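According to the authors' numbering, the sequence shown holds residues 142 to 177, 195 to 310, 315 to 434 in order.
All C-beta atoms in this analysis are idealised placements derived from N, C-alpha and C, irrespective of residue type, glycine included.
Working notes for the structure below.
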Amino acid sequence: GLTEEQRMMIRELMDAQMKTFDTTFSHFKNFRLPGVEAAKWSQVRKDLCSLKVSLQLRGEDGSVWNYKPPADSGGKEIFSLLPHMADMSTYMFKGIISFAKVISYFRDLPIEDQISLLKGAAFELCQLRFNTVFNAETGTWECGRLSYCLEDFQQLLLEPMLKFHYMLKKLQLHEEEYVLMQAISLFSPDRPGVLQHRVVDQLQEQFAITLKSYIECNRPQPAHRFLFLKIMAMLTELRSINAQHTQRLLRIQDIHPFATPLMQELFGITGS
Ligand SMILES: O=[S@]1OC[C@@H]2[C@H](CO1)[C@]1(Cl)C(Cl)=C(Cl)[C@@]2(Cl)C1(Cl)Cl
């Protein structure tokens, strides 16, 4: 029940997602692994310990490596998973950049609104992709042969980002709804340094209209009443999570440098 332009819009986004999302993480390799001012630390202490994960690697031969992280003993132990996380983030960010670049609506913006929309939304698009491999019953992100298992209840969902992943997973969205959420978020007319506000705003309104129409054509069940409005509220939450994670990343980077070159680009760090 979508117009021809709407069906075209979904097809192009589904196509860009198919070409740039390595859902089995086959091409993520060469990554680092964990080895074998007072109020600043307390804040970074608080920052890192809210999402503790164990790590699993399944070998191509049938072997398994498992990593249980240290307990908080007040020292540098809390940074042991950071270089690995930054390699995963970088790998995810590359996929996200390729996603934007293959979308015609994105390619037709000026190069400096592109860079500035990407800086605004890279974390949000990455979290949206990670929700699709998140297993809410085991508390696990299943990334191919890599697994990231949350670490022992519902106090765990006090961390807003964990609560976001569980709430988003409960809506049981289709692939099309996920990519439309990525578009609406990528084309946010109000990111720092956007110049073509009006063009980006019309594109966004239009990805939103397609999503509302998609839901109305394909989900008549009483369970998905107001589903479109739940998605828009989740996007608002994610924008907020996104700003909190940016501050926390800069606080950590301030006392313990870890960001990759691509992360420095996306987050304003100049290397000087
Ligand atoms: O790409 S980055 O590195 C991956 C980590 C974070 C996202 O940023 C979180 Cl929040 C998510 Cl999502 C996953 Cl998956 C993990 Cl493992 C946790 Cl720590 Cl749960």
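- Straight-line measurement puts the Cα of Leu412 at about 20 Å from the Cα of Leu283.
- Between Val177 and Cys307, the C-beta spacing is not below 8 Å.
- Nearest in C-alpha terms to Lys198, of all of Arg265, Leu389 and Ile417, is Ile417.
- Bounds of the alpha helix (DSSP H) holding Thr372 are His359 to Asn380.
- Per the DSSP secondary-structure output, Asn293 pairs in a beta bridge with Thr298.
- The beta carbon of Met343 is closer than 7 Å to those of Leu286, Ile393 and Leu397 in its chain, skipping five residues each way along the sequence.
- Three or more Cβ pairs drawn from the region 144 to 160 and the region 371 to 381 lie within less than 8 Å of each other, which places the two stretches in contact.
- Comparing alpha-carbon positions, the option among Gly433, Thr432 and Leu428 lying closest to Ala280 turns out to be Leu428.
- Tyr328 has its Cβ no nearer than 7 Å to any heavy atom of ligand 1.
- By the C-beta criterion, the region 322 to 334 is judged not to be in contact with the region 360 to 369, since fewer than 3 inter-stretch pairs fall below 8 Å.
- Between the C-alpha atoms of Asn224 and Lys252 there is a straight-line separation of about 27 Å.
- With a cutoff of 8 Å on beta-carbon distance, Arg353 and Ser274 are scored as near each other.
- Leaving aside the five residues that flank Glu218 on each side, the residues in its chain whose CB is nearer than 8 Å to its CB run, in chain order, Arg303.
- By the Cβ neighbour-count rule, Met159 is exposed, with fewer than 16 other Cβ atoms within 10 Å of its own.
- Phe288 has its Cβ nearer than 7 Å to a heavy atom of ligand 1.
- For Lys170, the closest of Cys301, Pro268 and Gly142 by C-alpha to C-alpha distance is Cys301.
- Following the DSSP letters along the chain, one finds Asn404 inside the alpha helix (DSSP H) bounded by residues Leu389 to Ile417.
- Note that the C-beta distance between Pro241 and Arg173 is below 8 Å.
- Note on the region 234 to 288: whole alpha helix (DSSP H) runs with a minimum of 4 residues are 240 to 260 and 262 to 265, in chain order.
- Taking 8 Å as the cut-off, the Cβ atoms of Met425 and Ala258 do not count as close.
- When the beta-carbon positions are compared, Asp230 and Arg410 stay at least 8 Å from each other.
- In the three-state DSSP reduction, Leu215 falls in the strand class (E or B).
- Near ligand 1, residues with a Cβ at less than 6 Å from any of the ligand's heavy atoms are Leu209, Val211, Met243, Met246, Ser247, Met250, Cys284, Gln285, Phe288, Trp299, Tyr306 and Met323; the list follows chain order.
- Secondary structure of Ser221 (DSSP, three-state): coil.
- Residue state for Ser305 is assigned as strand, using DSSP reduced to three classes.
- Secondary structure of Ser231 (DSSP, three-state): coil.
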